[PDB]
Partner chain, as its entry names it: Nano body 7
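Just one chain follows, in the form deposited without the partner chain, and it is written as structure tokens.
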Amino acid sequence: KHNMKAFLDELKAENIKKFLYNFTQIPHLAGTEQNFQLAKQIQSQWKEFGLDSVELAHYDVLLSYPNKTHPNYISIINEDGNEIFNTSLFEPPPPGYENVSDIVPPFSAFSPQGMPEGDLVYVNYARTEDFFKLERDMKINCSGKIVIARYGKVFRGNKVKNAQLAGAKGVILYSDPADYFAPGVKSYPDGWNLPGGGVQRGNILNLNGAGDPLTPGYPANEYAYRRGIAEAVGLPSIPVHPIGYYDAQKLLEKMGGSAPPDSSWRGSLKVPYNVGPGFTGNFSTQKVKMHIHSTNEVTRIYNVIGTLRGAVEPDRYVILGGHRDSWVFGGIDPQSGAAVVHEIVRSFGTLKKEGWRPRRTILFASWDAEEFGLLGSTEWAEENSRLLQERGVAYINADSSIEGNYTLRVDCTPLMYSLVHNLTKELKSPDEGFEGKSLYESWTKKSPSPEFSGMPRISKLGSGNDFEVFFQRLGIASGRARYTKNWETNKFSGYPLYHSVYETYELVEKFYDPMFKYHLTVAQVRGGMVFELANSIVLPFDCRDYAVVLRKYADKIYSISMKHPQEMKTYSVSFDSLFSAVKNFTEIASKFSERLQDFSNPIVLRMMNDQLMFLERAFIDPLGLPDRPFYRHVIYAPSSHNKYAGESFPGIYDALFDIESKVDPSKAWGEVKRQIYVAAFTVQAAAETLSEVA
């Protein structure tokens, strides 16, 4: 038989291991020849595996690279102008790869050029609340200073945006051992911790979903009109560079001015974590000088797009996509995900060769330039938006399959909650102590839902990965799943070797997943979801699960507003419309579910499948969110303070944020009321798509 069990049994840990090794022997940086060769290899193999069509879709996008003959570095400079300390020009390469060339040195992609020189101020994680504390409570002025911030907690682009609006003339990012060195584990190559010379790469854009900075709204094809660099979307205005904790120690150790305000501002280095500005007495004449010479350049990128045509609904698309480009070797990010995708394609192709096809079309994607701002997935979605709008059932992301080995982590639309619960109950747990138990049981034990006893945690989607365009711009139901660590406070920080040269095959095989059993479990979860989405007669979405979360989100936003009861009285700020809409959605969803359970008629089926598919689409406002036209989903958007985190009712949340500091409270509360109307209207409109059609 050709059923989900046949699909799942065909997946093999040893194949995923073979593929990971094959994908991680040389760097695959976006825009380079190596990454083009890998794209060509994957295209050839996906054809061999049995896909109906496999094409490269290429775009010419803005990328960023250091200048090979003019290296980026930071100095402490004396009053004569002698550079008495320099940060490293590269990470010491891992054992056996000290002869690989084309390892890109650590840099912050898209930093402008400059050589700013100034006094340091330490801004903790450079979060919105850290800047509030500095400026409002400590009365420390960041204007004209170089800010030094530790990585962690929030997306680095948000740190740089925050520093820029504080008036900083430069940003130094570093990895503190508090966030990137787990106690009791050894540094690479003898354990999975970050060495003092390790550095986290990463882009510092604030694109807000735009894709290629030069072509917002339209694909960067051969005849594209490009904005000038001055009008480009999302580029930082001040230079930025990342360093490791050996170099950070040298910069922080001389810091003077104010004591840190409390212990949450102290990392693990042997320094005072003084906030500054500037150095203590004897060194008060020394300054810090950045030297940044990276260049932005329009460069070709290549997505691999594979098609497995549906037997019954070939005009309905289930998409499994993840990126292929890496900072260096990509041992976890992304090749641990890409190796899983390759084995999933191989398994679907095996069934295809035996005569089977899925009910709906499955599209497989190997995205390029994800590391430079989700460019490959976004450009392809801009090119194909009309097809995706009208035909896209679901998108399942597939970046890193593991970031730890403790338990499952899932983020998805509420429409997939029931699907994920049902699938994990049929999968075997790979965890020690749970042999013979289901993945649902181990996951629920290790990661309990905060609200429901006997259910696991599933988080909201935000951004920071290639599902963003599909879910936040186009309103296609999306999900993702991976194996994760225990470390709750580190959930947005990355694992210790994230975006460093030390993310290698050896890291994964020695320290994360030697038997590839966690990889296999994740291939079963991602592959299983795609199989059910592409083959179930009725789409496996439960609208009642959206009704449940919409009430939670409404209660939550109401509670935030109710921190200001006098203003709510004065400006007559009522949430009645929004609760009414959510109540209506609950009632209509309940009636729709009854009809779905109670209807031989393929028109009623497909009419009902169309109602299910277009339900996520109904949450899209074609006018977008305020000043963020490419974030259009009214229930979910990436947090304005942390692109990695999902925020619920983001239009209302942002209207309420820091509202007590607004100078015209009448205008500010007016805008809260406007967002309440938009949200109530959209919830009601979405509910009405589930009513009887005529």
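Residue numbers count along the first chain shown, from 1.
**Student:** Between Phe599 and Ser600, what class does the number of missing deposited residues fall in: none, 1 to 3, 4 to 9, or 10 or more?
**Tutor:** Just 1 to 3 residues are missing between them.
**Student:** Please compare 229-237 with 408-416 and name the stretch with the higher mean C-alpha B-factor in the deposited structure.
**Tutor:** Going by the record's values, the stretch with the higher mean is 229-237.
**Student:** So which stretch wins on mean C-alpha B-factor, 526-534 or 122-130?
**Tutor:** Mean CA B-factor is higher for 122-130.
**Student:** Between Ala338, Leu623, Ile84, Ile557, which one tops the list for Cα B-factor in this entry?
**Tutor:** Largest recorded C-alpha B-factor: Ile84.
**Student:** Would you mind checking which of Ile146, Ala381, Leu615, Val604 has the top Cα temperature factor in the PDB entry?
**Tutor:** Among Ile146, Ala381, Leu615, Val604, the PDB entry lists the largest C-alpha B-factor for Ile146.
**Student:** Going by the CA temperature factor in the PDB record, which third of the chain does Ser640 belong to: lowest, middle or highest?
**Tutor:** Middle third, going by the recorded CA B-factors of the chain.
**Student:** Relative to the other modelled residues in the chain, which third contains the C-alpha temperature factor of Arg360: lowest, middle or highest?
**Tutor:** It falls in the bottom third of the chain.
**Student:** Name the third of the chain's ranked CA B-factors that contains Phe471, choosing lowest, middle or highest.
**Tutor:** Lowest third.
**Student:** Lowest, middle or highest third: which one holds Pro665 when the chain's residues are ordered by CA B-factor from the entry?
**Tutor:** Within its chain, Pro665 is a highest-third residue by C-alpha B-factor, going by the deposited values.
**Student:** Can you work out whether the C-alpha temperature factor of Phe372 puts it in the lowest, middle or highest third of the chain?
**Tutor:** Lowest third.
In what follows, reference is made to the form deposited with the partner chain bound, a form of this protein that is not presented.
**Student:** Pick from 478-486, 332-340, 260-268, 548-556: which stretch has a heavy atom within 4.5 Å of the partner chain in the entry with it bound?
**Tutor:** Checking each option against the 4.5 Å cut-off leaves 548-556.
**Student:** Pick from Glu129, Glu354, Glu451, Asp137: which residue has any heavy atom within 4.5 angstroms of the partner chain in the entry with it bound?
**Tutor:** The option sitting close enough to the partner is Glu451.
**Student:** Check each of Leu497, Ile344, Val469, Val582 and return the one that places a heavy atom within 4.5 angstroms of the partner chain in the entry with it bound.
**Tutor:** Flagged contact: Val582.
**Student:** Mind checking whether each of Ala589, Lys591 and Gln597 has a heavy atom within 4.5 Å of the partner chain in the entry with it bound?
**Tutor:** No: no residue has a heavy atom within 4.5 Å of the partner.
**Student:** Contact between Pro565 and the partner chain in the entry with it bound at 4.5 Å, heavy atoms?
**Tutor:** Because a heavy atom of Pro565 falls inside 4.5 Å of the partner chain in the entry with it bound, the answer is yes.
**Student:** Is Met115 close to the partner chain in the entry with it bound, meaning a heavy atom pair under 4.5 Å apart or at it?
**Tutor:** No.
**Student:** Does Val100 make contact with the partner chain in the entry with it bound, using a 4.5 Å heavy atom cut-off?
**Tutor:** The answer is no: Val100 has no heavy atom within 4.5 Å of the partner chain.
**Student:** Mark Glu660 yes when one of its heavy atoms lies within 4.5 Å of a heavy atom of the partner chain in the entry with it bound, and no otherwise.
**Tutor:** Yes, contact at 4.5 Å.
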